[PDB]
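Below, read A as the first sequence line, B as the second, and so on, with proteins coming before strands; counting in each chain starts at 1. Counting starts at 1 for both ligands and their atoms, following the listed order. Quick note: numbers below take in every heavy atom, side chains included, and nothing from hydrogens, waters or symmetry partners.
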Amino acid sequence: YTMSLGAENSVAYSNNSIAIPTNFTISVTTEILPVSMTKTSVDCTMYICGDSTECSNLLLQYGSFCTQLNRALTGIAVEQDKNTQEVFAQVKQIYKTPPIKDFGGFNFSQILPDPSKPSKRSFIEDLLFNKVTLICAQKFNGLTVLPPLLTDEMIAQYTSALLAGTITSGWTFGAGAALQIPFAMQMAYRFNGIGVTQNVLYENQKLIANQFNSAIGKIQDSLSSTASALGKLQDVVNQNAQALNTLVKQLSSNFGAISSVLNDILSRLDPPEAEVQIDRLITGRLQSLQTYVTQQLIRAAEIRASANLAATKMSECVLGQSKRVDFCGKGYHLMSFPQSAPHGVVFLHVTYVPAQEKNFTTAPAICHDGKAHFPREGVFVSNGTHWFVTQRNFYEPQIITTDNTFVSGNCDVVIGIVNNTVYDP
Amino acid sequence: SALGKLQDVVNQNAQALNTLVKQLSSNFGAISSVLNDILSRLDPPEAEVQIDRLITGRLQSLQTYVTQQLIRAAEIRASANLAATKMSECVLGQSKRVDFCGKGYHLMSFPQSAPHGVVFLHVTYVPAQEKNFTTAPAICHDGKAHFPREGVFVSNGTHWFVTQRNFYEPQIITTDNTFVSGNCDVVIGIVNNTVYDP
Amino acid sequence: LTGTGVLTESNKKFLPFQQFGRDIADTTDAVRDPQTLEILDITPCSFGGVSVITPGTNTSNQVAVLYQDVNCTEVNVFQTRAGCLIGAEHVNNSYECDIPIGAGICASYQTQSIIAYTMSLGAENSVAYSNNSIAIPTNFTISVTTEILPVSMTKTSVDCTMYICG
Amino acid sequence: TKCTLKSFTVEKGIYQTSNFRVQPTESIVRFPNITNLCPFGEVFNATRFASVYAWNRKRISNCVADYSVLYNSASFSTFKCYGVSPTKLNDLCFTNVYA
Ligand SMILES: *[C@@H]1O[C@H](CO)[C@@H](O[C@@H]2O[C@H](CO)[C@@H](O)[C@H](O)[C@H]2NC(C)=O)[C@H](O)[C@H]1NC(C)=O
Ligand SMILES: *[C@@H]1O[C@H](CO)[C@@H](O[C@@H]2O[C@H](CO)[C@@H](O)[C@H](O)[C@H]2NC(C)=O)[C@H](O)[C@H]1NC(C)=O
Ligand SMILES: *[C@@H]1O[C@H](CO)[C@@H](O[C@@H]2O[C@H](CO)[C@@H](O)[C@H](O)[C@H]2NC(C)=O)[C@H](O)[C@H]1NC(C)=O
Ligand SMILES: *[C@@H]1O[C@H](CO)[C@@H](O[C@@H]2O[C@H](CO)[C@@H](O)[C@H](O)[C@H]2NC(C)=O)[C@H](O)[C@H]1NC(C)=O
Ligand SMILES: *[C@@H]1O[C@H](CO)[C@@H](O[C@@H]2O[C@H](CO)[C@@H](O)[C@H](O)[C@H]2NC(C)=O)[C@H](O)[C@H]1NC(C)=O
Ligand SMILES: *[C@@H]1O[C@H](CO)[C@@H](O)[C@H](O)[C@H]1NC(C)=O
Ligand SMILES: *[C@@H]1O[C@H](CO)[C@@H](O)[C@H](O)[C@H]1NC(C)=O
Ligand SMILES: *[C@@H]1O[C@H](CO)[C@@H](O)[C@H](O)[C@H]1NC(C)=O
Ligand SMILES: *[C@@H]1O[C@H](CO)[C@@H](O)[C@H](O)[C@H]1NC(C)=O
Ligand SMILES: *[C@@H]1O[C@H](CO)[C@@H](O)[C@H](O)[C@H]1NC(C)=O
Ligand SMILES: *[C@@H]1O[C@H](CO)[C@@H](O)[C@H](O)[C@H]1NC(C)=O
Ligand SMILES: *[C@@H]1O[C@H](CO)[C@@H](O)[C@H](O)[C@H]1NC(C)=O
Ligand SMILES: *[C@@H]1O[C@H](CO)[C@@H](O)[C@H](O)[C@H]1NC(C)=O
Ligand SMILES: *[C@@H]1O[C@H](CO)[C@@H](O)[C@H](O)[C@H]1NC(C)=O
Ligand SMILES: *[C@@H]1O[C@H](CO)[C@@H](O)[C@H](O)[C@H]1NC(C)=O
């Protein structure tokens, strides 16, 4: 079939009509980002010339084609460790939540670390680690896997410190020293940050807390059900594995020699021809290793771009409130919470999405005494009879007064101006 | 060592070049790394094979060097794009992106040249001396709930003021500091106080 | 058929017409002993990289050695997930990471000798959170930090004809 | 470390220098226990040989083949081993030999 681009939907545009929301929804979306690869390390001599003095002597005729591969792989490993440190180790201190979770109704028990867990990982961290997943062969032909500098429990501690700092101090812990603040007040600041007056949060605090809790629960169910959600991370792992697997199967190729087994050549032939056959094998295996190293370099460049993006997101999404559109989830950004994951990070983007909207009759300005009155912050609407001034992102109509509106010019310049009364306090 | 990054880049490039040069000393399976000795010693039919071996080896070395240069130049181009974005949003303006222009709230930046690089002096604002105050989400005056226009309510134990968030400057609560909304049966944590009317 | 490695009793069921097995890498994995009808499994004997943790010759000539991904029983000795560390003392105290070994273990040079410790992420700091308590700064600082970014490489050019065939 | 970095002074850090691998302690040589010599004499010293169009084929099996006696003798004007080196013939076991 010819694929569809999406549901068709026209917009009822007109020069005196505005659609204003009358309700909202707190949505917690998920964003997965790889941070580091597997710290591989290849033994050039043992891979090309496994346990053979003659092959090693022939190999050392090619010069530094072995040492520089090791240098490149060590650079890759150091880059991976730097990636992890960049993404996670952006908090100077290690914060902890108080024993009492008086967060204004919001429930972070599913993202805060479990005290009894074996690794201080939250429920969602456990789900992530359980949703992401021959080694003897690799570890016999000179290939080995170095351990990351930061163990997984240390990454969990870092994410717990960041989470506790965000919960108990808002964005203040990123700029300078953590300054405590009641969570409801923090959310009021976030709502002000997205152009919604802070009375909205306080009037719907219970509803907003319930919506956030339901969204976190839905995230739990989605992670527990659909593994492919973490595909990206898995994909990374798979790629690396395939690489190594290929790098091992290339040990079975003749590359033109009489046999792909070094020992057979060294046992059947004398140096004058054994060294020709071993030269063929060395050339083939060295080409395979060079190809593998180039692929590792390219993939590490990709992973370094991803890690820089993840560090930027942690800086501007968790540690602050981003005004960049769609940089922290669809909708207006309220906050974000990090979560560790195998070779990656997972952001929970809490965003504010308008839900229920109504058509109102609008006007750029109102003419009262020959002067033009514009809204200080908001928009003029009419339910059919009376003219109110509301905020743009939540229908909260209010009488028009000289405190909601400012005067500038007269009525002969604005196009679409209407007549109404501006009430004087 | 402060400028390590830049130095590091140089080092890396140098190493590449150095490696490349040393590859000229490798026989790559030929009889000698010296071309002239091969030409003078063997007959042309086999000297041709030896020189083919040397040419393949040296061409492979050059290809490896060029590929590494391509990857490192992609890295350096990503870095240069980041530096250009920082100069645009940091020097030419004032960014509100957290930790994009130095730790703390960003005030400005000053560029400085450097060998194959740039150095930004990030001037930022960092709160230093912090005090504990009691707070409220709103104050109830006449059954209505009053919220701060821009700031937060605080209390030094006895009286309630309204201060800007990033610098303690308490001010009496007045109908010009606070806006009215709803009533006092909704806000969770509302306190009682008097909203002075100028 | 010649080679080097460790021969162990196997549980493979060779067929009467099969002499030796093979690995995915086409290297021999098991063999049939020509004199005793028993199958021997071949496993390459231990190996791994060797790293030299050094404080730098400028300050001292004493170094420690890390054998990667091997057991200390196989090589003042310390066993860590990274491998076997020789010449470094294990300290229960925790400090900032100076020379990373791996798996949360870092080595430094302190009063002198080389020590291996579990790196500390940072200073513990509990936030005095409360539902009616805010912390507001009363003073500030104007901090100037430095951020260094690379912008270009050296415009290298190679004369390929002269390099290959000078 | 100094010779892998090529500098008389090395700054702090962790550098990879070489690879540690265990060395063999004993040398094991295994072969089947067979005593009877391979009857090469009946092949090379055969009184009559078959015409080339009807070249004779003899199966050599279950015997020890001392190829040295063949390639150390001066009685042969041409001796050319393809895919094997004659010296190595004393250290190999074959499936089933045909002459
Ligand atoms: C705004 O939308 C929310 C839904 O997110 C409404 O809350 C629901 O209200 C109905 C009653 O009308 C209840 O049956 C549901 O259980 C509520 N859901 C939740 C999650 O609380 C809310 O009533 C809407 N408000 C307005 C003014 O439209
Ligand atoms: C926050 O949510 C968790 C669930 O994610 C709540 O834990 C539940 O508590 C009830 C008792 O109140 C138990 O019956 C459930 O078995 C618990 N669920 C789990 C998954 O452990 C927790 O109570 C909530 N926090 C608050 C303050 O109510
Ligand atoms: C809004 O009010 C103004 C004045 O109150 C109206 O302007 C009048 O328009 C009529 C029709 O052209 C003229 O005869 C009058 O002289 C105008 N008055 C003045 C003071 O200039 C205007 O038409 C009204 N607009 C609407 C949409 O009701
Ligand atoms: C809280 O602050 C208020 C005003 O900043 C203080 O009230 C004044 O305190 C001074 C003493 O330094 C008196 O001289 C004034 O007469 C007070 N003003 C009024 C209107 O009474 C108050 O004392 C402070 N309380 C605490 C506990 O520090
Ligand atoms: C805010 O901090 C600055 C310094 O960070 C204080 O300035 C110091 O003031 C004392 C005496 O007032 C002097 O002895 C110091 O030399 C000053 N330091 C500097 C760097 O100028 C300032 O007093 C503080 N203000 C408040 C209200 O605490
Ligand atoms: C607004 O008007 C358009 C006119 O076509 C209509 O389709 C739409 O449903 C209206 N909005 C609401 C919320 O009813
Ligand atoms: C519009 O709102 C005003 C005040 O809220 C009310 O008096 C009037 O009846 C409303 N009209 C309609 C059509 O809803
Ligand atoms: C909107 O456009 C119509 C013509 O389509 C015009 O009659 C009307 O005056 C316009 N109103 C405004 C507010 O521009
Ligand atoms: C605020 O109070 C807590 C506990 O009451 C205390 O630990 C903290 O140091 C106080 N903050 C300041 C800035 O005095
Ligand atoms: C804070 O909690 C205490 C007890 O848990 C309660 O008495 C008080 O009213 C709460 N204050 C606010 C603002 O929620
Ligand atoms: C605040 O004042 C109202 C009356 O204006 C009263 O009903 C309420 O109990 C008071 N609350 C407190 C905490 O003093
Ligand atoms: C050959 O060895 C096997 C087992 O090692 C033994 O049973 C057999 O008797 C031996 N044959 C001779 C001729 O010694
Ligand atoms: C290393 O040795 C210890 C004790 O000697 C043992 O418990 C552990 O399982 C060994 N690990 C490996 C990978 O052999
Ligand atoms: C370090 O701590 C372990 C247990 O955590 C203990 O067995 C050991 O004696 C301690 N060593 C020193 C030097 O304190
Ligand atoms: C064949 O005869 C020669 C000389 O008579 C003798 O040296 C040799 O051992 C005999 N057998 C062979 C060649 O197999």
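A:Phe103 has its ring centre less than 6.0 Å from the ring centre of C:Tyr129.
In this structure, atom 2 (O) of ligand 10 is in close contact with the protein, since a protein heavy atom lies within 4.0 Å of it. In this structure, atom 14 (O) of ligand 14 has protein heavy atoms in its sub-4.0 angstrom surroundings. Per-atom contact check: atom 5 (O) of ligand 10 does not touch the protein, criterion being a heavy-atom distance below 4.0 Å.
Which parts of ligand 7 touch A:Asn383 is read off a 4.0 Å heavy-atom cut-off, strictly below it: atoms 1 (C), 2 (O), 3 (C), 8 (C), 10 (C), 11 (N), 12 (C), 13 (C), 14 (O). Close approach of ligand 10 to B:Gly189 (heavy-atom distance below 4.0 Å) involves ligand atoms 13 (C). Close contacts of ligand 7 with A:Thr385, meaning ligand atoms under 4.0 Å from a residue heavy atom, involve 1 (C), 8 (C), 10 (C), 11 (N). Atoms of ligand 7 found under 4.0 Å from any heavy atom of A:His386, numbered from 1 in the order shown, are 3 (C), 7 (O). Within ligand 7, counting atoms from 1 as listed, the ones closer than 4.0 Å to a heavy atom of A:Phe388 are 2 (O), 3 (C), 4 (C), 5 (O).
Closest to atom 8 (C) of ligand 14 among all protein heavy atoms lies C:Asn92 ND2, 3.8 Å. Given atom 11 (N) of ligand 10, the protein heavy atom at minimum distance is C:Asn131 ND2, 2.8 Å.
C:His90 and C:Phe78 have parallel rings, their planes meeting at less than 30° on a 0 to 90° scale where 60° marks the start of perpendicular.
Using a 4.0 Å cut-off between charged side-chain N and carboxylate O, A:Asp81 and A:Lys39 make a salt bridge.
At a threshold of 4.5 Å between non-hydrogen side-chain atoms, the residues A:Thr390 and A:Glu396 count as touching.
The side chain to side chain contact (heavy atoms under 4.5 Å, CB included) test with A:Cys411 is passed by exactly one of A:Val418, A:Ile417, A:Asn419: A:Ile417.
A donor-acceptor contact closer than 3.5 angstrom is absent between the side chains of C:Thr118 and C:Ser94.
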| Can you list the steps and then say if A:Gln110 with A:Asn213 is a side-chain hydrogen bond (donor to acceptor under 3.5 Å, both in side chains)? | CA-CA 9 Å; A:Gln110 304 182 0; A:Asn213 296 330; over 6 Å; no
